[PDB]
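Student: The structure is given below, and queries will be raised subsequently.
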Amino acid sequence: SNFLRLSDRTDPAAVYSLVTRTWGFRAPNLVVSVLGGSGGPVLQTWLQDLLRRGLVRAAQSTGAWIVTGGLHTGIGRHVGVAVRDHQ
Amino acid sequence: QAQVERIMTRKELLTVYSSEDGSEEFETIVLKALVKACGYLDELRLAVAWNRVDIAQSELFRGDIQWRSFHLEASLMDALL
């Protein structure tokens with residue numbers, strides 16, 4: 001993966017240019033920012049189906065970026081599980 | 001009556017093949033009869049012992065359980081051997 005420790009007061013232009021040009025990421029056609037996440041390692045089955053069949057599949061078809069927390073907990077963990085199951 | 005009481009004493013070893021269950025659901029029922037007896041084996045190691053990759057895929061895809069690293073490593077060693 002590509003990681004960068006960056007200050008809180010970092011202008012988005014520099015990091016976006018780093019991602020698109022230096023790290024070789026295509027510019028997104030859509031950005032879905034996933035928020036929230038109820039406590040508990042187990043999500044509702046319909047919610048998991050929505051994350052996998054709905055969000056990740058649409059992101060792959062439209063060439064989108066899925067943006068959330070990168071940590072292995074909460075909604076980040078659930079979106080990662082959806083990505084893994086889709087792949 | 002005493003014999004039936006002794007039967008029900010170890011009631012975790014008894015499973016019922018309900019009339020609702022179809023024939024195509026035989027193996028799954030066997031699974032739910034074996035792992036319940038365990039509580040060593042898990043559904044992944046049983047799926048590897050048999051040649052049923054569909055059962056392994058179904059078990060891995062279900063989200064209610066969270067398979068840990070020692071389940072997966074045991075199943076992978078069984079599959080490699």
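Ordering of the structure tokens sets the chain letters (A, B, ...); residue numbers start at 1 within each chain; ligands are numbered from 1 in the order shown.
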Quick one: which residues from chain B are at most 9 Å off chain A, using only C-alpha atoms, as a PyMOL selection string?

Tutor: chain B and resi 61-66

Student: For residue 30 in chain A, find every residue with an atom within 10 Å (counting only C-alpha atoms), except residues of its own chain fewer than 4 positions away, and show them as a list in words.

Tutor: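 Listing them by chain and then by number gives residues 58, 59, 62, 63, 64, 65 and 66 of chain A.
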
Student: Dump C-alpha atoms for the selected residues as a short mmCIF file (atom, residue, chain, number, x, y, z; two decimals), in the first residue's frame?

Tutor:
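Here's the written file out-v2.cif:
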```cif
data_model
loop_
_atom_site.label_atom_id
_atom_site.label_comp_id
_atom_site.auth_asym_id
_atom_site.auth_seq_id
_atom_site.Cartn_x
_atom_site.Cartn_y
_atom_site.Cartn_z
CA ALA A 58 -20.87 -0.02 -7.92
CA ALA A 59 -17.45 1.38 -6.99
CA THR A 62 -17.97 3.20 -12.00
CA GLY A 63 -14.27 3.43 -11.11
CA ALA A 64 -14.91 5.12 -7.76
CA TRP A 65 -12.84 5.61 -4.62
CA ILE A 66 -14.19 4.23 -1.34
#
```

Student: Got a sec: who's within 10 Å of residue 44 in chain B, counting only C-alpha atoms, leaving out chain neighbours fewer than 3 positions off, as a ChimeraX atom specification?

Tutor: /B:41,47-50,52-53,55-60,67,71-72,74-76,78

Student: Please save N, CA, C and O atoms of the selected residues as a PDB file, in the first residue's frame.

Tutor:
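As written to disk, out.pdb reads:
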```
ATOM      1  N   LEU B  41     -12.995 -30.088  16.057  1.00  0.00           N
ATOM      2  CA  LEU B  41     -13.125 -29.822  14.633  1.00  0.00           C
ATOM      3  C   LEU B  41     -13.990 -28.587  14.426  1.00  0.00           C
ATOM      4  O   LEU B  41     -14.768 -28.195  15.299  1.00  0.00           O
ATOM      5  N   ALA B  47     -14.948 -29.444   5.927  1.00  0.00           N
ATOM      6  CA  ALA B  47     -15.069 -29.209   4.494  1.00  0.00           C
ATOM      7  C   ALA B  47     -13.799 -29.603   3.755  1.00  0.00           C
ATOM      8  O   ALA B  47     -13.859 -29.983   2.583  1.00  0.00           O
ATOM      9  N   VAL B  48     -12.644 -29.499   4.413  1.00  0.00           N
ATOM     10  CA  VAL B  48     -11.398 -29.935   3.785  1.00  0.00           C
ATOM     11  C   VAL B  48     -11.267 -31.454   3.847  1.00  0.00           C
ATOM     12  O   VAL B  48     -10.739 -32.081   2.921  1.00  0.00           O
ATOM     13  N   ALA B  49     -11.724 -32.069   4.941  1.00  0.00           N
ATOM     14  CA  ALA B  49     -11.673 -33.524   5.049  1.00  0.00           C
ATOM     15  C   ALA B  49     -12.483 -34.173   3.938  1.00  0.00           C
ATOM     16  O   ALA B  49     -12.028 -35.121   3.289  1.00  0.00           O
ATOM     17  N   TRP B  50     -13.688 -33.670   3.704  1.00  0.00           N
ATOM     18  CA  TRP B  50     -14.428 -33.969   2.493  1.00  0.00           C
ATOM     19  C   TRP B  50     -13.858 -33.116   1.359  1.00  0.00           C
ATOM     20  O   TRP B  50     -12.997 -32.262   1.568  1.00  0.00           O
ATOM     21  N   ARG B  52     -15.477 -30.861  -0.411  1.00  0.00           N
ATOM     22  CA  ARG B  52     -16.571 -29.919  -0.641  1.00  0.00           C
ATOM     23  C   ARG B  52     -16.038 -28.496  -0.501  1.00  0.00           C
ATOM     24  O   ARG B  52     -15.957 -27.948   0.597  1.00  0.00           O
ATOM     25  N   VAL B  53     -15.681 -27.892  -1.636  1.00  0.00           N
ATOM     26  CA  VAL B  53     -15.221 -26.508  -1.621  1.00  0.00           C
ATOM     27  C   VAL B  53     -16.397 -25.552  -1.489  1.00  0.00           C
ATOM     28  O   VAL B  53     -16.243 -24.433  -0.989  1.00  0.00           O
ATOM     29  N   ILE B  55     -18.992 -25.919   0.492  1.00  0.00           N
ATOM     30  CA  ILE B  55     -19.240 -25.762   1.921  1.00  0.00           C
ATOM     31  C   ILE B  55     -18.233 -24.798   2.533  1.00  0.00           C
ATOM     32  O   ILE B  55     -18.588 -23.951   3.362  1.00  0.00           O
ATOM     33  N   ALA B  56     -16.963 -24.911   2.140  1.00  0.00           N
ATOM     34  CA  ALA B  56     -15.942 -24.003   2.653  1.00  0.00           C
ATOM     35  C   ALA B  56     -16.225 -22.564   2.244  1.00  0.00           C
ATOM     36  O   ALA B  56     -16.079 -21.641   3.054  1.00  0.00           O
ATOM     37  N   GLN B  57     -16.628 -22.353   0.989  1.00  0.00           N
ATOM     38  CA  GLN B  57     -16.963 -21.006   0.535  1.00  0.00           C
ATOM     39  C   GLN B  57     -18.143 -20.440   1.311  1.00  0.00           C
ATOM     40  O   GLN B  57     -18.125 -19.272   1.718  1.00  0.00           O
ATOM     41  N   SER B  58     -19.178 -21.255   1.526  1.00  0.00           N
ATOM     42  CA  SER B  58     -20.336 -20.792   2.284  1.00  0.00           C
ATOM     43  C   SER B  58     -19.954 -20.444   3.716  1.00  0.00           C
ATOM     44  O   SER B  58     -20.410 -19.432   4.258  1.00  0.00           O
ATOM     45  N   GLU B  59     -19.122 -21.276   4.346  1.00  0.00           N
ATOM     46  CA  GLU B  59     -18.703 -21.009   5.718  1.00  0.00           C
ATOM     47  C   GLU B  59     -17.867 -19.741   5.808  1.00  0.00           C
ATOM     48  O   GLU B  59     -18.015 -18.960   6.755  1.00  0.00           O
ATOM     49  N   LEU B  60     -16.979 -19.519   4.838  1.00  0.00           N
ATOM     50  CA  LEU B  60     -16.139 -18.326   4.870  1.00  0.00           C
ATOM     51  C   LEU B  60     -16.944 -17.068   4.571  1.00  0.00           C
ATOM     52  O   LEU B  60     -16.617 -15.984   5.068  1.00  0.00           O
ATOM     53  N   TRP B  67     -13.937 -16.190  11.536  1.00  0.00           N
ATOM     54  CA  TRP B  67     -12.882 -17.192  11.582  1.00  0.00           C
ATOM     55  C   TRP B  67     -11.552 -16.544  11.947  1.00  0.00           C
ATOM     56  O   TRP B  67     -11.159 -15.533  11.358  1.00  0.00           O
ATOM     57  N   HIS B  71      -7.942 -21.161  12.915  1.00  0.00           N
ATOM     58  CA  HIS B  71      -8.841 -21.968  12.096  1.00  0.00           C
ATOM     59  C   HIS B  71      -8.338 -22.061  10.663  1.00  0.00           C
ATOM     60  O   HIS B  71      -8.247 -23.158  10.094  1.00  0.00           O
ATOM     61  N   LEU B  72      -7.999 -20.911  10.077  1.00  0.00           N
ATOM     62  CA  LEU B  72      -7.561 -20.854   8.692  1.00  0.00           C
ATOM     63  C   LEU B  72      -6.238 -21.571   8.479  1.00  0.00           C
ATOM     64  O   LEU B  72      -6.060 -22.227   7.453  1.00  0.00           O
ATOM     65  N   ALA B  74      -5.049 -24.140  10.258  1.00  0.00           N
ATOM     66  CA  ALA B  74      -5.323 -25.572  10.333  1.00  0.00           C
ATOM     67  C   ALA B  74      -5.956 -26.075   9.043  1.00  0.00           C
ATOM     68  O   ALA B  74      -5.555 -27.115   8.500  1.00  0.00           O
ATOM     69  N   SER B  75      -6.942 -25.338   8.526  1.00  0.00           N
ATOM     70  CA  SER B  75      -7.576 -25.737   7.274  1.00  0.00           C
ATOM     71  C   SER B  75      -6.589 -25.703   6.115  1.00  0.00           C
ATOM     72  O   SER B  75      -6.615 -26.579   5.245  1.00  0.00           O
ATOM     73  N   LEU B  76      -5.712 -24.696   6.080  1.00  0.00           N
ATOM     74  CA  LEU B  76      -4.723 -24.598   5.012  1.00  0.00           C
ATOM     75  C   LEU B  76      -3.715 -25.734   5.083  1.00  0.00           C
ATOM     76  O   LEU B  76      -3.310 -26.270   4.050  1.00  0.00           O
ATOM     77  N   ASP B  78      -4.328 -28.717   6.330  1.00  0.00           N
ATOM     78  CA  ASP B  78      -5.060 -29.890   5.859  1.00  0.00           C
ATOM     79  C   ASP B  78      -5.165 -29.903   4.340  1.00  0.00           C
ATOM     80  O   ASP B  78      -5.003 -30.952   3.708  1.00  0.00           O
TER      81      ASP B  78
END
```

Student: Need to verify the contact set: residue 15 in chain B, 9 Å, only C-alpha atoms, exclusion of same-chain residues closer than 2 positions in sequence. Can you return it as number ranges by chain?

Tutor: B: 11-13, 17, 29-30, 32-33

Student: Those residues you just picked out, can you put them in a file as a PDB file, in the first residue's frame with N, CA and C atoms?

Tutor:
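Okay, again.pdb is ready:
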```
ATOM      1  N   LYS B  11     -28.223 -34.396  25.707  1.00  0.00           N
ATOM      2  CA  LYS B  11     -29.087 -33.938  24.630  1.00  0.00           C
ATOM      3  C   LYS B  11     -28.353 -33.106  23.589  1.00  0.00           C
ATOM      4  N   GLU B  12     -27.072 -32.805  23.806  1.00  0.00           N
ATOM      5  CA  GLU B  12     -26.286 -32.115  22.793  1.00  0.00           C
ATOM      6  C   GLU B  12     -25.816 -33.051  21.690  1.00  0.00           C
ATOM      7  N   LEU B  13     -25.895 -34.364  21.911  1.00  0.00           N
ATOM      8  CA  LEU B  13     -25.546 -35.335  20.884  1.00  0.00           C
ATOM      9  C   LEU B  13     -26.742 -35.744  20.038  1.00  0.00           C
ATOM     10  N   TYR B  17     -33.807 -34.368  12.251  1.00  0.00           N
ATOM     11  CA  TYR B  17     -33.960 -34.120  10.819  1.00  0.00           C
ATOM     12  C   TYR B  17     -35.430 -33.804  10.585  1.00  0.00           C
ATOM     13  N   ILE B  29     -26.905 -30.486   7.536  1.00  0.00           N
ATOM     14  CA  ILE B  29     -27.444 -30.978   8.800  1.00  0.00           C
ATOM     15  C   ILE B  29     -26.398 -31.808   9.523  1.00  0.00           C
ATOM     16  N   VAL B  30     -25.713 -32.689   8.790  1.00  0.00           N
ATOM     17  CA  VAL B  30     -24.642 -33.474   9.390  1.00  0.00           C
ATOM     18  C   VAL B  30     -23.618 -32.549  10.029  1.00  0.00           C
ATOM     19  N   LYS B  32     -24.124 -29.524  11.243  1.00  0.00           N
ATOM     20  CA  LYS B  32     -24.667 -28.957  12.470  1.00  0.00           C
ATOM     21  C   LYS B  32     -24.861 -30.017  13.544  1.00  0.00           C
ATOM     22  N   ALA B  33     -24.760 -31.297  13.185  1.00  0.00           N
ATOM     23  CA  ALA B  33     -24.790 -32.349  14.191  1.00  0.00           C
ATOM     24  C   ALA B  33     -23.391 -32.655  14.710  1.00  0.00           C
TER      25      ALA B  33
END
```

Student: Calculate how many Å separate CA of residue 38 in chain A from CA of residue 74 in chain A, rounding to one decimal.

Tutor: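 Computing it gives 7.0 Å between the two atoms.
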
Student: Separation of CA of residue 34 in chain B and CA of residue 6 in chain B, in Å?

Tutor: 20.5 Å

Student: Go through B:1, B:14, B:20, B:54 and flag the residue nearest residue 35 in chain B, using only C-alpha atoms for the distances.

Tutor: B:14

Student: If I take CA of residue 51 in chain A and CA of residue 82 in chain A, how far is one from the other in Å, to one decimal?

Tutor: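 Computing the Euclidean distance for CA of residue 51 in chain A and CA of residue 82 in chain A yields 5.8 Å.
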
Student: Return the single residue from B:79, B:31, B:37, B:46 that is closest to residue 10 in chain B, with distances computed using only C-alpha atoms.

Tutor: B:37

Student: Could you pull out the residues in chain B that DSSP calls helix (DSSP H, G or I) from the backbone, as a ChimeraX atom specification?

Tutor: /B:2-9,11-13,23-38,43-49,53-61,69-80
